[PDB]
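*Asks:* Starting from these lines, generate the structure:
(7 chains, ligands or ions: 9)
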Amino acid sequence: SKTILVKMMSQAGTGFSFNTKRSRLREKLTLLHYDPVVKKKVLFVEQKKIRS
Amino acid sequence: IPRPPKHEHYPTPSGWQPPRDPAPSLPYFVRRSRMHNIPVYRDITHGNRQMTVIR
Amino acid sequence: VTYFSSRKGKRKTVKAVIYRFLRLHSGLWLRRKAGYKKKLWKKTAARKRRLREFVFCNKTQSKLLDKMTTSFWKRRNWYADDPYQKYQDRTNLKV
Amino acid sequence: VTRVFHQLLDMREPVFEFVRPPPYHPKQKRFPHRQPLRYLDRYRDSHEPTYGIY
Amino acid sequence: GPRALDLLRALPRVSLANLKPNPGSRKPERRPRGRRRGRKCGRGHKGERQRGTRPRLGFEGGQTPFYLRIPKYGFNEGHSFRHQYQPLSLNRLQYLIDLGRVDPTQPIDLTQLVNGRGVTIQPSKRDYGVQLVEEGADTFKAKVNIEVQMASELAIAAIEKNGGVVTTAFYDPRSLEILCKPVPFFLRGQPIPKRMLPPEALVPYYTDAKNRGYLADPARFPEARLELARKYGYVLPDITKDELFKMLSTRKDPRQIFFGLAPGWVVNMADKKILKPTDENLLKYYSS
Amino acid sequence: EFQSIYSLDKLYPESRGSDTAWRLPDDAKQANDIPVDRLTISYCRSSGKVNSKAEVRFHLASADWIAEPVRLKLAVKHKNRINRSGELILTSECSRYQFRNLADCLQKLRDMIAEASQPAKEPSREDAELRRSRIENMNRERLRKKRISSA
RNA sequence: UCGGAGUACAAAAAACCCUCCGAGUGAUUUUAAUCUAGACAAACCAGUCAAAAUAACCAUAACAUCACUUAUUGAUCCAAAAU
Ligand SMILES: [Mg+2]
Ligand SMILES: [Mg+2]
Ligand SMILES: [Mg+2]
Ligand SMILES: [Mg+2]
Ligand SMILES: [Mg+2]
Ligand SMILES: [Mg+2]
Ligand SMILES: [Mg+2]
Ligand SMILES: [Mg+2]
Ligand SMILES: [Mg+2]
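*Replies:* Residues are numbered from 1 along each chain as shown, chains lettered A, B, ... in the order given. Ligands and ions are numbered 1, 2, ... in the order given. Here you go:
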């Protein structure tokens, strides 16, 4: 198995990104993270695939 | 360099006081600087040595 | 370092310094931390902070940088709006 | 209680604070090594520019 | 005075024959001769260094050099194009007025400060002029008409309270150079050039009455000015009713370098004459 | 007598005369909050940290430039900083320049007269440092609740 | 190159083509913020802790956890990304 580095984006409409190691054979990743601009716990959904 | 203007009040706002009309009786005299200040300076050496020069 | 140039016979500056360092007028040099843009996902937030700092160089490095740098860069600068003008004098230093 | 001091004791009223000791800073070094920039502010006297001869 | 003089009667002539440099003035150099300073002569033994070949300055002996492992960051980035304003505290201004270097009677602009050697401009270093800073604000008692290229609220406030007027003017680099050292320019044999305008970044500065900008609408001046009083709590004097008022109101054209001369004239200093163009084109160019 | 295309008159045609900028519009602001001649302003100069204490003093009941409802509401909130001689004392510290201190004082006073002249002020209190106050209050009220007349 | 045990018996440090085990990551959800006193470590570069103060959340709510947990890593420049 390999893991993957994905770029995850905020749904708060604030451009904010953070990268996460995620299982390759798993589903598209979605989390509750902290967005600094809105200063809140918001939903992040993975926008992009950065490193493999 | 212009001789300083006479004022009605001493010391001046910037704190400059002219020398006296007579000179004291002391057996030494300290000339004013060419800019009319008292010639006391500070000096450093080796970064830690602090001195004061009377000229 | 070129100590005597060919055309002018003066002493040249090493520009590779002038891009990564900053000379305050006190003689302290200021630099970024190394690897601060590198592999951020893999690092602690604490470490990331330690990396985002601007830090001071020890005496040896400072003297080395001064030698590698001409007189012009040690001049007293007054910039409008300058962040660092606050830091260029030294205060309360008893040595 | 304010009424007491003025009215009875014929006094001004004393008021106190709670004063904590000023924070401890190491001797300032000529070449602070690997120290954040904000270092130079810990030994700062007061926040105001001062132009010495200028 | 100098009792030393009385010892000189007793002693022989001062001649070229007996003259001593002050002790300590000359530290004698030493040459690699003899048992001490010879035989390897301070160069050590073999290796690279005794032969004089040790590597260049930054080189660390092959490990990636300290000055190159640190990442590039804009620090000095674009430094050459940053504007530089030489600071002048009210303390120095007061001290200059007190000692009669600059006189408050006539208007004070850059040339006046330079001529009293209260300040030094070097345009080549991208000095754009003097800025006024508040160091001596409380102590400042003088009444002045001053023109600087930048100033702080507090500085202005401290000048108004005493019944003077501050104005911020702009000079481009060429203009500035000419302004600071006028007599070297008048020997140059060229006309007096137009004052350039400020660049786009500096327009919002000189258009505001806040800064008492030279390009500002005078309608806002007496308003904004009074505002500065409310803040610092002093009665704003009426400058109109003063005897020196005709001097205090004195401006420059935004296109003019000096007081009382005009773009396009020529100063012949040997004849003590001024020369002005009668041509139409020249007068349209210089007066635009 | 020089003039240019860019001159001050041709840029702003409306205002022209050299005395235009120096007019005093005392009619524009007729409010004159804080008539500084009516304040006692003290300066304690502390040099060593270099800071100059500036002190603004005036009699609260004898001050006519503030309305009566406001003059009474001020003596409530600020009764701590009032003096036994009736004086309201303001003080500023921060800058080495006492212009900035005086300005701090005057701005504080402006603010107090501002909030006191606003009837809409709700005086909202935070629970953070007042929790101890409410609970120790209530709990000395459980004991205070003993009922028999005395004296 | 990195780590654990012995060598190296009790503060630290300490070599060998010395003796022995390992690492170049998984799994999981508790997705693990900003800023800053003081320190550890240290040739330099790098590494480590961390109070108070902010902001997030129970409405006085900041150590990601497990696999011996220690190691699971790589400077500048330069390239791709656009924040
Ligand atoms: Mg010296
Ligand atoms: Mg020699
Ligand atoms: Mg020898
Ligand atoms: Mg021999
Ligand atoms: Mg030999
Ligand atoms: Mg050898
Ligand atoms: Mg200069
Ligand atoms: Mg140690
Ligand atoms: Mg905390």
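*Asks:* For residue F:73, I want the exact helix or strand it lies within.
*Replies:* helix F:68-77 (DSSP states H and E).
*Asks:* Quick check: what element follows that helix along the chain?
*Replies:* Stepping forward along the backbone from helix F:68-77, the first helix or strand reached (DSSP H and E) is strand F:87-92.
*Asks:* tell me which residues of that following strand are tucked away?
*Replies:* F:88, F:90, F:91, F:92 (16 or more other Cβ atoms under 10 Å in any protein chain shown). In short, each C-beta sits where N, CA and C put it, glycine included.
*Asks:* What of stretch E:109-129?
*Replies:* The neighbour-count check on stretch E:109-129 (16+ other Cβ under 10 Å) flags E:109-114, E:116, E:118-119, E:121, E:123, E:126-129 as buried.
*Asks:* okay, how far is it across it, tip to tip?
*Replies:* End-to-end distance for stretch E:109-129, by Cα to Cα, to the nearest Å: 10 Å.
*Asks:* contacting residues around the closest residue to residue F:85 other than its chain neighbours?
*Replies:* In space, and not counting its chain neighbours, residue F:85 is closest to residue F:59: 7.8 Å by Cβ to Cβ, 6 or more residues apart in numbering or on different chains. Taking Cβ atoms under 8 Å, 6 or more residues apart in numbering or on different chains as the contact definition, residue F:59 lies against F:85, F:86, F:87, F:88.
*Asks:* OK, contacts around the last one?
*Replies:* When you say that, I think you mean residue F:88. So residue F:88 contacts F:57, F:58, F:59, F:60, F:74, F:78, F:81, F:82 (Cβ under 8 Å, 6+ apart).
*Asks:* again, only this time at 6 Å
*Replies:* Counting by Cβ atoms under 6 Å, 6 or more residues apart in numbering or on different chains, residue F:88 makes contact with F:60, F:82.
*Asks:* Residue E:173 versus that one, what's the distance?
*Replies:* Using Cβ to Cβ, to the nearest Å, residue F:88 is found at 55 Å from residue E:173.
*Asks:* Then the first one?
*Replies:* Relative to residue E:173, residue F:85 is positioned 62 Å away (Cβ to Cβ).
*Asks:* on that earlier part again, which ones among the buried residues of stretch E:109-129 also lie next to chain D?
*Replies:* Among the buried residues of stretch E:109-129, no residue sits close to chain D (Cβ under 6 Å from any Cβ of the partner chain).
*Asks:* mind listing which of these are in strands?
*Replies:* Counting by DSSP state E, the buried residues of stretch E:109-129 place E:127, E:128, E:129 in strands.
*Asks:* Without its sequence neighbours, what residue ends up closest to the last one?
*Replies:* Among residues not flanking residue E:129 along the chain, residue E:149 sits closest, at 3.3 Å (Cβ to Cβ, 6+ apart).
*Asks:* cool, the second one as well?
*Replies:* Distances taken as Cβ to Cβ, 6+ apart place residue E:83 nearest to residue E:128, at 4.6 Å, with adjacent residues excluded.
*Asks:* Surely residue F:57 is within a helix?
*Replies:* No: counting by DSSP: H, G, I helix; E, B strand; the rest coil, residue F:57 is not found in a helix; it is strand.
*Asks:* residue ranges of the helices in chain D, please?
*Replies:* Using DSSP state H, the helices found in chain D span residues D:2-7.
*Asks:* spatially speaking, which residue is in the middle of it?
*Replies:* Closest residue to the average C-alpha location of chain D: residue D:22 at 7.0 Å, with Cα atoms, centre = their mean.
*Asks:* what about the closest residue to residue D:33 other than its chain neighbours, how many neighbours?
*Replies:* Leaving aside its chain neighbours, residue D:33 sits nearest to residue C:58 (4.3 Å; criterion: Cβ to Cβ, 6+ apart). By other Cβ atoms under 10 Å in any protein chain shown, 14 other residues sit near residue C:58.
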